[PDB]
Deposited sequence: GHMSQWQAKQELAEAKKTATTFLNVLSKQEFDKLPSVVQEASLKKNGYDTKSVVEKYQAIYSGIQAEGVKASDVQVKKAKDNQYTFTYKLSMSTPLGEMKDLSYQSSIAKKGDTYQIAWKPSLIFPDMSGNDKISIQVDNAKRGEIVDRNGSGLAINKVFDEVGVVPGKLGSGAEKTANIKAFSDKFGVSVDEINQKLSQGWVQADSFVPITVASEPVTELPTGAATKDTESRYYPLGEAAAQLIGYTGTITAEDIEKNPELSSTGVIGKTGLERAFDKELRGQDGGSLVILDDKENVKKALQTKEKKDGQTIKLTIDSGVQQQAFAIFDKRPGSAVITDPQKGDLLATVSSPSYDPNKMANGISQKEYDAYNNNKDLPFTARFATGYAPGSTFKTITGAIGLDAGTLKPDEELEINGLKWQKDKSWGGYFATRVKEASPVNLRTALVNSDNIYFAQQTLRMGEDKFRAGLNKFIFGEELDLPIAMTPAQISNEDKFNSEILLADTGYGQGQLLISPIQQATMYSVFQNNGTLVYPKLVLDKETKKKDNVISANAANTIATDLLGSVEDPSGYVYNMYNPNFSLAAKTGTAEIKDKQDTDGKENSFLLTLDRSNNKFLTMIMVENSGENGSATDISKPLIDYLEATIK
């Protein structure tokens, strides 16, 4: 009987450890009584999808590769290192910070959504949160059929790891579209484009389709369009760029690329085919619509270029793993120009993230709402020290509110701890 290896956070705090209990004769916590060692998760629901839970080796388990075994999450993906022999399992230290993990999970409060917080210059995943969640301690050490069925019958599906699920990125994708337009030469950041009305189309060939916007602006430049959430500006800049210049910039990212993370995840895609085959879809992809499917972990990876002078860093979950990058995904001037203009989302009183304004901290942000019901997104960038990046989403934002409405405790926590 060898002890299973432990999973600890970046500071050594236990994420999946062993603890002896007095159980109520074979094993609730106090027939008979005996001191039995049990697999314990201190963060509970806050890290349930990431860490996973254990279970007994079933018949079909040993029927593949010849008392407890990882059934899901990192407890399953890291089983060979944590199981050991009968040699104690080794301890695997992650990049997670327990303080940030419990902050990101607390802001949702049963709301469906996800949140990832990274170190945009190292790739360290400080937190990967999916809501709603479940009790991993109950699932591993005996859960009743009343709480299991309560989890299965939940229409929001608490078992799914939403940080590894592909969604449409929303208007936050304009940051990439605008940066590609800058390096292409077609998008001048200071030229004033005349945009009139709340709807726009290229010509009569679009028919009953229009690019719609919210706030009416008179001449819209790059900085104003990002703060005003103007779809028409980026649509016109996408049509001006052409399918080739736009796809040339997008292909420098990690689309269709499998990552070395120990989290199962479908690679990000641009569209179903190698070509757009239309022009309304080219405009849609310009402002985050179309057939884009990027996961929160992949979204945090792509957007890391703005805090590394255009260099993309890959996400890492194990601490001692070497930092991997993809150099020159966008220019340094393009990354800095977009990151500087995004300060207006927080600092401008008319900005949509002005509720999080802090005069002693530079925070660039960008909102986004996608129609799939509608989901809300929020990307924030530490421009004071480039030490954290957030990607927060809330599913069914028409009923559960926007991501900005609940993310203020999270952002305030990071600015004081990670700084």
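- Message: Need the unmodelled segments of the deposited chain, numbered from 1, in order.
- Response: Sequence ranges with no C-alpha atoms are 1 to 139, 164 to 207, 211, 215 to 224, 261 to 265, 286 to 307, 594 to 601.
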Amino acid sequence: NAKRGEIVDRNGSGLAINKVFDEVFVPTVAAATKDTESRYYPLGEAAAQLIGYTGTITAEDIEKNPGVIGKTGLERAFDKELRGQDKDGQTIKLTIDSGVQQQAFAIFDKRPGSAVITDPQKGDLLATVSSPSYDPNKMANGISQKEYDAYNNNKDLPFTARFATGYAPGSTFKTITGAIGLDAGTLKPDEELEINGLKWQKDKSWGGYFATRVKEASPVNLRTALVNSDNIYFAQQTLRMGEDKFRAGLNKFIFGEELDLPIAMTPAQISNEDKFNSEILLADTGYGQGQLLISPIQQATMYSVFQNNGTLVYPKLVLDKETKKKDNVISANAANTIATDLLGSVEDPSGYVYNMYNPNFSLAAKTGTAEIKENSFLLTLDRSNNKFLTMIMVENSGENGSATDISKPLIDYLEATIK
From here on, numbers count along this sequence of modelled residues.
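- Query: Within the set of other compared PDB entries, does residue 32 lack a model in a third or more?
  - Reply: Residue 32: unmodelled in at least a third of the other compared entries.
- Task: Please confirm whether residue 351, modelled here, goes without coordinates in at least one third of the other compared entries that cover both its neighbours.
- Result: No, none of the compared structures omit it.
- Message: I need to verify one thing: averaged over C-alpha atoms only, is the B-factor higher for 144 to 152 or for 324 to 332?
- Response: Comparing 144 to 152 with 324 to 332, the higher average CA B-factor belongs to 144 to 152.
- Stretch with the higher entry mean CA B-factor, where the candidates are 201 to 209 and 112 to 120: Mean C-alpha B-factor is greater for 201 to 209.
- Options 256, 310, 288, 178 - largest CA temperature factor per the record: Out of 256, 310, 288, 178, the record gives the largest C-alpha B-factor to 288.
- Query: Out of 136, 166, 99, 249, which residue has the highest Cα temperature factor in the PDB record?
  - Reply: By C-alpha B-factor in the record, 136 ranks first.
- Task: Could you look up the Cα B-factor of residue 402 in the entry and say which third of the chain it sits in: lowest, middle or highest?
- Result: It belongs to the lowest third of the chain when residues are ordered by C-alpha B-factor.
- Item | Within-chain third of residue 384 by Cα B-factor, per the entry | As the PDB entry reports it, the C-alpha B-factor of residue 384 lands in the middle third of its chain.
- When the modelled residues of the chain are sorted by Cα temperature factor, does residue 280 land in the lowest, middle or highest third? Its C-alpha B-factor, which the entry lists for residue 280, ranks in the highest third among residues of this chain.
- Task: Determine, from the deposited record, the chain-internal third of the Cα B-factor for residue 55: lowest, middle or highest.
- Result: For residue 55, the deposited C-alpha B-factor lands in the middle third.
- Classify residue 391 as lowest, middle or highest third according to the C-alpha B-factor given in the PDB entry, relative to its own chain. Residue 391: CA B-factor falls in the lowest third of its chain.
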